[PDB]
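Student:
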Amino acid sequence: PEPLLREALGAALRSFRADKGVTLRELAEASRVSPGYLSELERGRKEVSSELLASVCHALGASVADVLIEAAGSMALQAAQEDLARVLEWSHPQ
Amino acid sequence: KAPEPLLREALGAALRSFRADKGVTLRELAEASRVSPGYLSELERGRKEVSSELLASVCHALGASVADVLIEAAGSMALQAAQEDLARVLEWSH
Numbered sequence: 021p022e023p024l025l026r027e028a029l030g031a032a033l034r035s036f037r038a039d040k041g042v043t044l045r046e047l048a049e050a051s052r053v054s055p056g057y058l059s060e061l062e063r064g065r066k067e068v069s070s071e072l073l074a075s076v077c078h079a080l081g082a083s084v085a086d087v088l089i090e091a092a093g094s095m096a097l098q099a100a101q102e103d104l105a106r107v108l109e110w111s112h113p114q
Numbered sequence: 019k020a021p022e023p024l025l026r027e028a029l030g031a032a033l034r035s036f037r038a039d040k041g042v043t044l045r046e047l048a049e050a051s052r053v054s055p056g057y058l059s060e061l062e063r064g065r066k067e068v069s070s071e072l073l074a075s076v077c078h079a080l081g082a083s084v085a086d087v088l089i090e091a092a093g094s095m096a097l098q099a100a101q102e103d104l105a106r107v108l109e110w111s112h
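Just so you know, the protein sequences line up as chains A and E, in that order. Per the deposited numbering: the first sequence = residues 21 to 114. Per the deposited numbering: the second sequence = residues 19 to 112.
Structure (C-alpha cells):
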C-alpha cells in the first residue's frame, strides 16, 4: 500500500543525517536515545514521539516541517514507482 | 515552549481540516476507521500519538492519501512557527 508514515519519516531522517555528514551515534547522543533506537527509527521499525522527532530534527538544524515534506514527497514517489513497476511487469515482462 | 507545534498537534489539525471539508462527523469517521470517536477527538486536539497504520486508515476513510494530510500538516506547522516567532518579537518590542 502507501508507505507507512514511520517508514517515510525514517528514510527522510536518514537522508537529512547523511546530508549533514553526522553519524548515527552522534545524532542519538544529541537526541538522548540509544543508537539502536535511532537505527530502528530510520529503518521504519519504530514510531517516534512528536517530542523525539523535534529533538532529532533540531539536532540536524532542520525544521520538522522540512522533514515532513521530504517524507511526503518520498511516500508519493515510492507509491508511483511501485505502481509503474506493476504496470510494466504486466505489459513488458522479461 | 518551542514555536514549532508538535507533529501530533499539526497532524491532528490537518485531519480535522480534511474531516470538516468532507463534512464527516467524528462518529462516522470512527465507524469507518474502527477507532472510538473519543480517541479521534483527542487525536485531533493534539493529545494522542497515533500509529502509522491507524493514521493510514483514517486518512483513507476520508478519501485522502497520508502524504496529502502530511503536506497540510507541514504547511500548518511552518505557518504557526512563523506566526509565533512574529508574536514573540512583537511582545519584546512594539
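Beta carbons are placed, not taken as given, at the ideal position from N, Cα and C, and that holds for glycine.
Can you tell me the Cα-Cα spacing of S54(E) and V87(E), whole angstroms?
Tutor: Within the second sequence, numbered from 1, the residue matching residue 54(E) stands at position 36. Within the second sequence, numbered from 1, the residue matching residue 87(E) stands at position 69. Their backbone Cα atoms lie some 20 Å apart in a straight line.
Student: Go through its chain and collect everything with a Cβ distance to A79(A)'s Cβ below 7 Å, but skip five positions before and after it.
Tutor: Taking the first sequence and counting its residues from 1, one reaches residue 79(A) at position 59. Answer for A79(A): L47, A50, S51, listed in chain order.
Student: When you compare each of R37(A), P21(A), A28(A) to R63(A) by their alpha carbons, which one comes out closest?
Tutor: Looking up residue 63(A) in the first sequence gives position 43. Of the candidates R37(A), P21(A), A28(A), the one whose C-alpha sits nearest the C-alpha of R63(A) is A28(A).
Student: Which of the residues in the stretch 76-93 of chain A, read from start to end, lie with their CB under 7 Å from any CB of chain E?
Tutor: Listed by position, the residues of the stretch 76-93 of chain A near chain E (Cβ gap below 7 Å) are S83, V84, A85, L88, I89, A91, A92.
Student: Can you give me the Cβ contacts of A32(E) inside the same chain, cut-off strictly under 8 Å, excluding the 5 residues immediately before and after it?
Tutor: Stepping through the second sequence from its first residue, residue 32(E) is reached at position 14. Only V87, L88, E90, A91, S94 meet the Cβ criterion.
Student: Mark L97(E) as exposed unless 16 or more other C-beta atoms lie within 10 angstroms of its C-beta, in which case mark it buried.
Tutor: Translated into positions along the second sequence, residue 97(E) becomes position 79. Exposed, by the Cβ-count rule.
Student: Give the DSSP-derived three-state secondary structure of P55(E) in the structure shown.
Tutor: Taking the first residue of the second sequence as position 1, residue 55(E) is located at position 37. It is helical.
Student: Going by DSSP in three states, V87(E) sits in which element: helix, strand or coil?
Tutor: Working through the second sequence from its first residue, we reach residue 87(E) at position 69. Helix.
Student: By a C-beta neighbour count over all protein chains shown, 10 Å radius and 16 as the cutoff for buried, is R65(A) buried or exposed?
Tutor: Counting from one through the first sequence, the residue named residue 65(A) turns up at place 45. The residue is exposed, with fewer than 16 neighbouring Cβ atoms inside 10 Å.
Student: Between the C-alpha atoms of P21(E) and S111(A), what's the straight-line distance to the nearest angstrom?
Tutor: Here the question's residue 21(E) lines up with position 3 in the second sequence. Here the question's residue 111(A) lines up with position 91 in the first sequence. Those two C-alpha atoms are separated by around 51 Å.
Student: If we define contact as Cβ-Cβ less than 8 Å, is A96(A) a contact residue for chain E?
Tutor: Position 76 of the first sequence holds residue 96(A). Judged by the 8 Å Cβ criterion, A96(A) is in contact with chain E.
Student: Select from the stretch 49-80 of chain A all residues with a C-beta closer than 9 Å to any C-beta belonging to chain E, and list them in chain order.
Tutor: Against chain E - using a Cβ distance shorter than 9 Å - the residues of the stretch 49-80 of chain A are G64, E67, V68, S69, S70, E71, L73, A74, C77, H78.
Student: Can you list, in chain order, the residues of its chain whose CB lies under 8 Å from that of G81(A), leaving out five sequence neighbours each side?
Tutor: As a first step, residue 81(A) must be located in the first sequence, where it is residue number 61. For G81(A), where only same-chain residues beyond five positions count, the Cβ hits under 8 Å are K40.
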